[PDB]
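Heads up, what comes next is one protein chain in two forms, each shown on its own as structure tokens, labelled structure 1 and structure 2.
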Structure 1
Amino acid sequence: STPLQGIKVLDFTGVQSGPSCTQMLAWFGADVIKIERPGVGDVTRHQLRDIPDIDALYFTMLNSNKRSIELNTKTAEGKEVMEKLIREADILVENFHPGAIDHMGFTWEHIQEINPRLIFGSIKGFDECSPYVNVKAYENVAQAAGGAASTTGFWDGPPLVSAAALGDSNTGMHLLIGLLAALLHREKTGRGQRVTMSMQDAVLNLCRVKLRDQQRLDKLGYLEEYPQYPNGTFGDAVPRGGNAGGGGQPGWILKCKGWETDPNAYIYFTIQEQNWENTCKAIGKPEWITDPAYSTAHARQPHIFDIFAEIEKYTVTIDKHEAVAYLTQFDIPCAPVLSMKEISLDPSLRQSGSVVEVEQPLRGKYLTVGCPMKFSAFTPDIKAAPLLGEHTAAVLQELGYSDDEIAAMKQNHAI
């Protein structure tokens, strides 16, 4: 068995936020029916193609294990099919621009009459209450609005976006939590419900510790662990802190051998509070262990960049991998800045099922990020992403449509 065996999902989503969510649902065992615009399909099929005329990697990495139907829900037949699908499904997911699904006639209120057991998941850029409620949102728009860009980067540089999908995949993961909770809830109420998740909120959730800092800053007028303390200045808003420890312990990104030509010849190095002695032994500074300018976090802070400068006299003489292999003997929390190339070839990520080679029709092999959490009682089986409308006939037949009904839909551009 799988966790979602028997669950039926209607997947209206496109791009990244919505499809990351329903991809996971499929991996957990749900039957995920991707509803696509006839002749067009999810925009990621044509975005940044690396092989001419076939589905792009953006699409294949987000749509493994799904089924694809072409269905134009703005036709009379399409709306009826859509209604039959809602009637038989457990879950409906959409991440269209605000209004979009409503204007098809498929608003929450109509959905409940058709299927009171259905769980409706909706992703938007912004909440119902927001002044930005009808604003279209892409990844970095949510990063700006959710507090991440404000607090990421350097104090003497611009706001900076994160490479990580804080707005897209992160939001899809947050809706997934809601959908799972809603399934557990339905076990008790006998009812579906609506779950919404905004991109702004998904970003904000991950910046909880910066909202901690803002309150500290409001009360006190300073942040004792930030690079600006005590010889710089604070304004009224949490500032950017470069490569400071954030939610972790004090740390920095340090150069290792190769840095002048290799943009990834670096480590993250943590000065953990209780590990100062080991940290000093590691770098051959036994005289720093009990020196009152060095022995506590509070004393180190005013000259912490001298201390990082001193660790860097060692780290630049060896490869990041050598550097880490040594320092971890001293129980220092550290790790190489791994490039996407190193991650793509890393044997242990293959073994753990974190990076998965999948075979796609026409394309052949590609790599995807696998199911990130591991279960002792089940292993996801990660498969190819569907060709556009590959499963239209089968889905219509499962609903009870005759061959004549299907041929009429095709004639009428409903599929």
Structure 2
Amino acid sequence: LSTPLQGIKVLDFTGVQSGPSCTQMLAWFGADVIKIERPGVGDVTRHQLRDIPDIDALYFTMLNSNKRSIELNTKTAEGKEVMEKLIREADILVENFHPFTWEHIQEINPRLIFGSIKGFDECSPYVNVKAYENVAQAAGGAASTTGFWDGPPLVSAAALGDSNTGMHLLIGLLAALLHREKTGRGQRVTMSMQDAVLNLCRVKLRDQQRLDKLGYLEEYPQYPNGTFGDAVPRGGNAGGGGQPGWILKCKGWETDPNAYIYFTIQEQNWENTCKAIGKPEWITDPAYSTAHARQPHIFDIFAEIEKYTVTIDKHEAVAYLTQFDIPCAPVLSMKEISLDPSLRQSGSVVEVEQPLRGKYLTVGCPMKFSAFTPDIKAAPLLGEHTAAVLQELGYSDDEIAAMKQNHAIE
């Protein structure tokens, strides 16, 4: 009967993934999101990585559910007029362009919130450098600290520079809406891809300061028989926090790249872990009884657990080990996730009917609310809503026809 963003109007210039992920969520929260697209071309994701000739790619449909699409040429007298009318009516304008002024917009509409995503902050030496996903992962600390100590920096499959940056801009936009309830004014909100990556790497900045102070990191694989340099090193599949763990092979790993589990050695669970793996002697042995004592031979311990896990299927391994309250889970493949019934039931993976394509899967709205449920719908066809939007703005049918004709002739 009501949604959080009921009545909110968004002008959405975003493309690719960072900005569209943000505005897709705005739409799912009830906002009217109008994608303003280049006539005859549209968002680049419509044409990238297509699996079916001549129809919008999955890259597009999974990021643009529930949006409206207009085609608009701002470089004409009528396009500029349409743009001004849209700005007067809008609550939020969002853009994520590579490197109508804000001053003018404020004068047109002092209630408007302007959201902008860039690769880097305004004062960065890299302010004018184009960033894609992995460029941000490199600049933000993640590639440096992900991977193995004897291998290269490694990018993460997770969209640390793209969807993550979108989620951070979304936080800012919702805060700005809340602030507007108090001030009656909009404002500018900016978010950089580098900063989004850094925020998720906060704990690696913790580790850099520990390393600066002490010269070693007790819980890292390099302690005590390896070497530390001046910067936090890659730790392979180490825990990353106060509880050690590792990725362990399960039955079938020679041919199945996802036949593995993650296993945590939780400090407060040590006795239960010992019972699980048939090592009751390790409950009181001073070399094993505390985390500090375990650390210098922690890989011998993981090797002992792996002697068991390699003999059974990962799902069996987790079923057995969790009886002992061990934090662990299988490494789920994208195929397993795409078919998991619980993720359908939770609305985490959602089937959507798309015009011209038929069914596709998307990731749904991740957080759950007791007072409303988003209804996830198809993505817009290019320019599907141009006429409807112009009508809502007060243009007559003859005026709309004239605009379309002028465009066709130009």
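Definition used throughout: the rigid core is the maximal C-alpha set that superposes within 1.5 Å between two forms. Numbers follow structure 1, counted from its first residue as 1. Shifts are known only where both forms have a C-alpha.
- Taking the rigid core as fixed, one finds a CA shift for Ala394 smaller than 2 Å between structure 1 and structure 2.
- We note a C-alpha movement of 5.4 Å at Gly248 between structure 1 and structure 2, with the rigid core held in register.
- Core superposition gives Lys74 a CA displacement of 2.3 Å between structure 1 and structure 2.
- For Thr290, the CA shift between structure 1 and structure 2 after superposing the rigid core equals 1.0 Å.
- Comparing the conformations between structure 1 and structure 2, with the rigid core held fixed, yields the displaced runs 74-76, 402-415, each spanning 3+ consecutive residues whose C-alpha shift is 2 Å or more.
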